[PDB]
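Virtual Cβ from ideal backbone geometry, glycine too; neighbours counted across all protein chains shown. All of the numbers you see were taken from the coordinates with simple rules; none came from a lab.
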Amino acid sequence: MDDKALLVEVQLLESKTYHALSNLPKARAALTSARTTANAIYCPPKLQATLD
Amino acid sequence: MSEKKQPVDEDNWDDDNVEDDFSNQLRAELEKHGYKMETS
Amino acid sequence: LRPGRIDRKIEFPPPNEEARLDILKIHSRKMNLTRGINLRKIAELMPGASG
Amino acid sequence: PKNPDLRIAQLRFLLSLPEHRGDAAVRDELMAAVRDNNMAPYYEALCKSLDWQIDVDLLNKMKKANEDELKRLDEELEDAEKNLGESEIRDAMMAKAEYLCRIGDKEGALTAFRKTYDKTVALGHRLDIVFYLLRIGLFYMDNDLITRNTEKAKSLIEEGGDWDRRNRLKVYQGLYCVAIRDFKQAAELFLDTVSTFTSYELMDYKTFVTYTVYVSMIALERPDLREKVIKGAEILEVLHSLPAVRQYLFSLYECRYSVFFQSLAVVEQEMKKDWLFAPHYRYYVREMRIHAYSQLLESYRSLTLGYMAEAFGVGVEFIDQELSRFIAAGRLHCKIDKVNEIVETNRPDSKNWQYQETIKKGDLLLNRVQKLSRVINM
């Protein structure tokens with residue numbers, strides 16, 4: 001899909017759940033992927049803060 | 001130079017020594033040992 | 001460049017899609033590629049690569 | 001590839017002492033006979049215990065369906081034999097042989113797989129047959145079949161780039177090591193927790209993890225246990241699912257002796273019930289008890305048996321009897337005392353056992369020269 005803003009939010013949710021399950025490397029990977037998608041697209045303030 | 005002379009007179013081993021040690025024992029199967037502690 | 005001093009002037013072209021696959025296989029020889037990797041598609045994805 | 005063949009084998013192993021509840025294992029086993037046309041297993045079960053009776057005439061009708069599969073094998077084989085293309089006959093033969101493998105242990109195995117193996121258009125295809133040969137041997141615990149298959153795949157077939165196959169193969173080699181009492185090699189070869197894929201032999205990645213935690217702690221030192229299992233990223237999610245596995249794995253590292261002893265008892269019942277883990281159930285529990293006893297003793301030179309009772313089970317006598325037997329085995333490296341009721345410590349290897357370590361290697365090393373000199377000396 002071309003709805004990148006939804007994609008960044010879901011990627012962040014995956015990192016949070018991996019951290020909850022204690023799988024740190026996958027959690028870092030979900031965070032890194034979320035950041036790279038977010039960099040190209042415009043970020044609303046809540047998204048940028050949640051990402052940070 | 002075969003001696004001969006005396007004929008007149010893991011997969012299935014290694015654990016044999018360990019198995020022999022408690023072959024008579026282990027009737028409790030460990031769970032009973034825990035029950036014995038519970039009674040204690 | 002005169003032919004008596006230099007008889008041949010061989011030219012090395014940018015690798016063709018088939019050639020890029022061959023170079024990709026040569027440099028992926030030691031890599032543990034997971035099953036389902038498509039080396040052929042990867043050669044197509046980079047056109048006019050420098051090898 | 002093959003999907004429920006391992007599960008069927010485990011249920012049969014379960015049906016050795018607890019067959020009182022038929023629905024738990026026999027009812028699924030009856031479904032197993034009616035699925036994949038498993039004619040030889042229902043007959044083997046008939047020999048083992050169940051009469052089967054009316055549920056055997058219907059199975060004989062299924063045997064006629066198996067005969068229809070055999071007729072399909074003949075029809076496919078003859079048409080492929082007529083066909084000019086080579087290996088088409090083998091492709092039909094291997095697929096039908098796989099159906100035969102479900103139908104009968106002997107029928108599927110031996111020549112049916114071997115003839116397809118004899119032709120080798122693709123090394124990868126030949127590897128697939130070896131994997132098929134290895135699983136049936138594992139399911140029926142045919143050590144000789146397993147030894148031949150592992151030797152063939154490792155010696156030549158693994159050569160060539162097959163990363164997916166190498167990871168699948170490691171699980172097979174490790175599972176055999178778990179089946180034999182050589183747990184240490186399996187714990188090393190179960191390092192591929194990251195990429196077990198969803199191997200059919202594993203009931204689930206969750207089962208592979210339960211085996212890897214159980215196998216590793218017996219053969220893993222405390223530095224490795226924290227680095228590989230306690231700090232293991234993938235294992236931690238899987239132990240999140242199982243509370244008992246998490247408590248047992250964590251308690252030894254946390255030095256929670258009381259909780260682990262209770263947890264080990266839960267593990268014993270699971271190990272005896274589990275196929276491929278039942279043969280060494282006794283060795284696993286006692287070896288864990290020896291490792292547990294060594295850990296608390298390492299910290300204190302002097303330990304009151306009352307303190308050991310507080311750490312583990314309440315009864316002093318039960319810790320004392322295990323202590324004496326383990327001390328007798330040479331395990332527990334310590335000297336017990338009575339009336340004083342204090343357990344002391346044994347000499348360090350570096351401190352003075354270094355002399356013993358040189359002598360132990362030396363006695364075999366010297367013995368060799370004595371025999372060797374005579375042969376040339378004459």
Given the -39500 (n - 2.57) contribution per DSSP H run of 4+ residues, what per-residue ellipticity at 222 nm results for chain A, rounded to the nearest 500 deg cm²/dmol? -26000 deg cm²/dmol
Dipole magnitude of the stretch D:15-105 about its Cα centre (Cβ charges: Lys, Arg +1; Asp, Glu -1), debye to nearest 20: 360
Positive-end extreme of charge dipole, the stretch D:326-378 - chosen from D:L372, D:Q356, D:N340 (charges on Cβ): D:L372
If I model a spin label as a point 7 Å beyond the Cα along the Cα-Cβ vector, how far apart are those points for D:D79 and C:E44 in nm? 3.3
Relative exposure of D:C255, D:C101, D:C334, judged by other C-beta atoms within 10 Å (fewest first): D:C255, D:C334, D:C101
Give me the net charge of A:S15's neighbourhood, meaning all other residues with Cβ under 9 Å from the Cβ of A:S15; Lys, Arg count +1, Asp, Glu -1. +2
Hey, what's the Cα Rg ratio for chain C versus the globular rule of thumb, 2.2 N^0.38 Å? 1.65
Which residues does the label zone of D:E310 cover in the stretch D:234-272, counting backbone N under 12 Å from a point 7 Å along Cα→Cβ? none
Using the Cα centre of the stretch D:302-369 as the reference point, and only Cβ charges (+1 on K/R, -1 on D/E), how large is the resulting charge dipole? Debye, rounded to the nearest 20. 500
So what's the gap between the Cα centers of chain C and the stretch D:144-170, to the nearest angstrom? 32
Using only DSSP helix segments of four residues or longer, with each worth -39500 (n - 2.57), what per-residue ellipticity at 222 nm results for chain B after dividing by its residue count and rounding to 500? -12500 deg cm²/dmol
A correct Kirkwood calculation over the Cα atoms of the protein assembly as shown returns a hydrodynamic radius in Å of 29.1
Relative contact order of chain A, defined on C-alpha pairs under 8 angstrom at six or more residues apart (%): 41
Let me have the relative contact order for chain D, percent, based on Cα pairs under 8 Å that are six or more residues apart. 10
Between the stretch A:1-50 and the stretch D:305-377, what's the alpha-carbon centroid distance in Å? 56
Could you tell me which of C:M46, C:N16, C:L1 has its Cα farthest along the dipole of chain C towards the positive end, charges placed at Cβ (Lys, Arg +1; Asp, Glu -1), taken about the Cα centre? C:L1
Got a sec? Charge dipole of chain D, +1 on Cβ for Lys and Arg, -1 for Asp and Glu; which of D:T212, D:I327, D:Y284 is way out at the positive end? D:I327
Using alpha carbon positions and the Kirkwood radius, the Rg to Rh ratio of chain A is 0.97
Give me the one-decimal nm value for the distance between modelled label points at A:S33 and D:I376, 7 Å along each residue's Cα-to-Cβ direction. 6.7
Within chain B: Cβ-based charge dipole about Cα centre, in debye rounded to nearest 20 (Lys, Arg +1; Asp, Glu -1): 280
Helix-derived mean residue ellipticity, 222 nm - over chain D, DSSP H n ≥ 4, -39500 (n - 2.57), to 500: -21000 deg cm²/dmol
Which FRET efficiency value, to the nearest 0.05, do you get for D:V194 and D:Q53 by plugging their Cβ-Cβ distance into 1/(1 + (r/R0)^6) with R0 = 41 Å? 0.25
I'd like the trypsin sites (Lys or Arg not before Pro) in the stretch D:21-99 restricted to DSSP loop residues with at most 16 other Cβ atoms within 10 Å, sorted by number. D:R21, D:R35
Once the convex hull of the C-alpha atoms of chain B is built, how many Å³ does it hold per residue, rounded to a whole number? 150
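Pairs of Cα atoms under 8 Å, at least six residues apart: use those to get the relative contact order of chain C, whole percent.
RCO, chain C: 54 percent.
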